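Two separate entries follow, structure 1 and structure 2, each one form of the same protein chain as structure tokens.
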Structure 1
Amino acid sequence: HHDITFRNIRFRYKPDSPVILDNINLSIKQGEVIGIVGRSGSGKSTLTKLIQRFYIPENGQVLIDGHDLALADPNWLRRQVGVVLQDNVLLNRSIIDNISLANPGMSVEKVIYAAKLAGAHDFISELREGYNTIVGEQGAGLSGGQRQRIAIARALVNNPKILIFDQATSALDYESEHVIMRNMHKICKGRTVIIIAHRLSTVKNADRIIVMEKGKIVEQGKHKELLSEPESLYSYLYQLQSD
């Protein structure tokens, strides 16, 4: 059983626009943790946009959990996928409102569980106003790494079977980075995970790494296998990011 399948996917953003995704074929097993890497503009983000049916491919199919997304209920699909957004925590609103910003009438309990997996609960619980803390600046003063753990909690709150991490657009403080990496196995447990990675090192221990270039998957495998292809793009990108 594959949780996510792309078959022969062709996609451009607008009728005249350039083909961005060119005959993408991908099958991700349930519970697999996938890293997608590649230069900027290679199509990484577009791939995840298709998973959420934000856009519709001119050719080929996307299937989630067996189901062709053409036919799947858009509300169900929405609940099936949690996305860890970058820089998308509403400042004028409380931590709990921010975490439950999908189903506002859900359990404080479910909010807490998700913050705990995300490694946010401990810092939230030591705030004067706790979960009612208004996230925004002067109202509290949450750091960027703290807001990011809130973003993970948000993605996790409805217990999605698929979790997607959008590419990091920023550097997090060492403590936030540390807590997240320490909790990653708990966050991903029981879910099919896609991580769009800035630094290759981020997805070193993924079950499989997908290497995209100019809208195509050019290489795929575990890190060690990808580095064994002598002239691989993966090796080149790996060398470019080495210290």
Structure 2
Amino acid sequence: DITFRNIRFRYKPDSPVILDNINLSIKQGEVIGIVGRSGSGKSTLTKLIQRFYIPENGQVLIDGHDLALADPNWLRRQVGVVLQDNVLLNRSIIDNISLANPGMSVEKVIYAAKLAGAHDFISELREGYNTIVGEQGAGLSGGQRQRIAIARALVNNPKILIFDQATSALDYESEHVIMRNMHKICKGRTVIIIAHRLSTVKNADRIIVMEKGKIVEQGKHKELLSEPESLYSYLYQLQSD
């Protein structure tokens, strides 16, 4: 379980309130999508699960434990994040993917790659997985980088997986390949999906809709879509005109 109890958050002392009174209970094993306008508070919400920031009011709880008194080491074993851009390092591919403990798993890093749809193009490279990449990937293209980051997050094997717009740099096919693998990706873990590409959330158990820091609507894709006055339906309406 993940719990937000009466959460109020602003980044700085004098600064404006970003999250005003958030109450959310992510059940264990739930696949939940978070959508909403740019600047609505989606990634800020997820920042508080990792405790980069602590709220001025209310509490965040993971499986009963209060995060403000939790062990920081323990917390980082719970949460795995495919971040925005999610900067890599100036070394080989295997060490990038194997950041969450290397010297670990011969053919299972490959499994993570296959799941991310990265194993395919990795084959053709000069030293394969031992291919040395740079700061701005001496080799890597945008969507190729991104799939490495998905491979990295999966290798973690976290109880909670934050999928922070992790198909933003991919073609519809690379995305479609990952979505077919989502069932394996999610199997026996809690998955939060931040999406502006609403098709990444079609099959989520629950879509939560954010506006100006508040959870305004919730429901399954079909249910939200069949309410013609919903903000979600209006957003889905706009793509492809």
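In this text, rigid core is short for the largest set of C-alphas that superpose within 1.5 Å between two forms. One-based numbering along structure 1's sequence throughout.
Original post:
Once you line up the core, how about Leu142: does its CA shift reach 2 Å between structure 1 and structure 2?
Top reply: Yes.
Original post:
Is there a C-alpha shift of 2 Å or more at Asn25 between structure 1 and structure 2 once the rigid core is superposed?
Top reply: Stays below the 2 Å threshold, so no.
Original post:
After a core superposition, would you say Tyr174 shifts its C-alpha by at least 2 Å between structure 1 and structure 2?
Top reply: After core superposition, the C-alpha of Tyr174 moves 2 Å or more between structure 1 and structure 2.
**OP:** For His67, give the CA shift between structure 1 and structure 2 in Å, the superposition being done on the rigid core.
**Re:** Core-aligned C-alpha shift comes out at 0.6 Å.
Subject >> Per-residue CA shift, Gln86 (Å; core superposed between structure 1 and structure 2) >> reply: Superposing on the rigid core gives a C-alpha shift of 3.8 Å for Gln86.
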